[PDB]
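K.L.:
model the following, please.
(chains A and B)
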Amino acid sequence: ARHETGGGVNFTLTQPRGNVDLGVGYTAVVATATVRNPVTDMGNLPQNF
Amino acid sequence: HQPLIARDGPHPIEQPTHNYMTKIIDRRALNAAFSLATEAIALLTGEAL
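P.N.:
Numbers count the residues shown, from 1 in each chain, chains lettered A, B, ... in the order given. And now the structure:
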């Protein structure tokens, strides 16, 4: 797909894809192991109404 | 060459970034000293032979 801008000519390349869940049931597990960062600081904030 | 990913979202990446880096080197210059004595000059030259 070709797009025209004043700065330059754009080419965008696309590829359509599809997904099928083959296994009847559970075929995959996430295992949570380690913790890095409390991104939320645990400080004090009063919620103001 | 900045490596790229086609992300699963149809939101636009808007541009890739591929540019050239230029670096000025630096310069330094070394030093030494060799000093010779008075009478050592004439002996190498031949004035005292």
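K.L.:
report the secondary structure state of the residue positioned nearest the centre of chain B.
P.N.:
In chain B, the centroid-proximal residue (Cα atoms, centre = their mean) is residue B:25; its distance is 4.5 Å. Three-state assignment for residue B:25 (DSSP: H, G, I helix; E, B strand; the rest coil): coil.
K.L.:
residue 30: neighbouring residues, count only.
P.N.:
This is for chain A. Using other Cβ atoms under 10 Å in any protein chain shown, residue A:30 is surrounded by 4 other residues. Backbone N, C-alpha and C define where each C-beta goes, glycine included.
K.L.:
that was the other one, I meant chain B.
P.N.:
Residue B:30 has 4 nearby residues by other Cβ under 10 Å.
K.L.:
do you know how far it is from residue B:8?
P.N.:
Distance, residue B:30 to residue B:8, by Cβ to Cβ, to the nearest Å: 57 Å.
K.L.:
try residue B:1
P.N.:
23 Å.
K.L.:
wait, residue B:1 sits on residue B:19?
P.N.:
No - the pair residue B:1 / residue B:19 is not scored as a contact, 10.2 Å apart, by Cβ atoms under 8 Å.
K.L.:
ranges for the helices of the chain?
P.N.:
Just so you know, I chose chain A. For chain A, helices defined by DSSP state H do not occur.
K.L.:
actually chain B
P.N.:
B:38-45.
K.L.:
next, the contact list for residue A:1, please.
P.N.:
A:11-14 (Cβ atoms under 8 Å, 6 or more residues apart in numbering or on different chains).
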